[PDB]
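Below: one structure, written as structure tokens.
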Amino acid sequence: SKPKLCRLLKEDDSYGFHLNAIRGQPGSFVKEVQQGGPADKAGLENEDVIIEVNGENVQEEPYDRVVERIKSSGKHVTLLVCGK
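Counting from 9, one number per residue, gives the positions in the sequence shown under this note's numbering.
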């Protein structure tokens with residue numbers, strides 16, 4: 009449940025995690041956190057839910073749009089996430 013605010017620095021052109029969606033509901037969830045990658049260093053865990061990308065609420069955005077937002081963020085990205 010706890011909210012987590014973090015800022016990630018791209019390494020190997022990647023943040024070292026992926027997003028998925030759940031059928032029947034909006035929202036974007038973390039999966040596949042690469043051990044020792046940027047996301048992992050920031051304590052992101054699988055099934056963490058993306059709340060804000062760079063201060064913008066993305067909870068009503070399909071996850072592919074959220075992926076595009078994160079990609080478009082450049083060499084850093086700030087995320088607010090909620091664990092479940």
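The beta-carbon is built from N, C-alpha and C at its ideal position, and this holds for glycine as well.
- Query: Do residue 88 and residue 53 have their C-beta atoms within less than 8 Å of each other?
  - Reply: Result no, Cβ atoms of residue 88 and residue 53 do not sit closer than 8 Å.
- If you run the structure through DSSP and keep just helix, strand and coil, what is residue 34? In the structure shown, residue 34 sits in coil (DSSP, three-state: anything other than H, G, I, E or B).
- Query: So does the stretch 39-46 actually touch the stretch 64-78, counting three or more Cβ pairs closer than 8 Å?
  - Reply: Segments in contact, no.
- Message: Distance check for residue 91 and residue 26, CA to CA, integer angstroms please.
- Response: Rounded to whole angstroms, the gap between the alpha carbons of residue 26 and residue 91 is 15 Å.
- residue 46, DSSP secondary structure in three states: It is helical.
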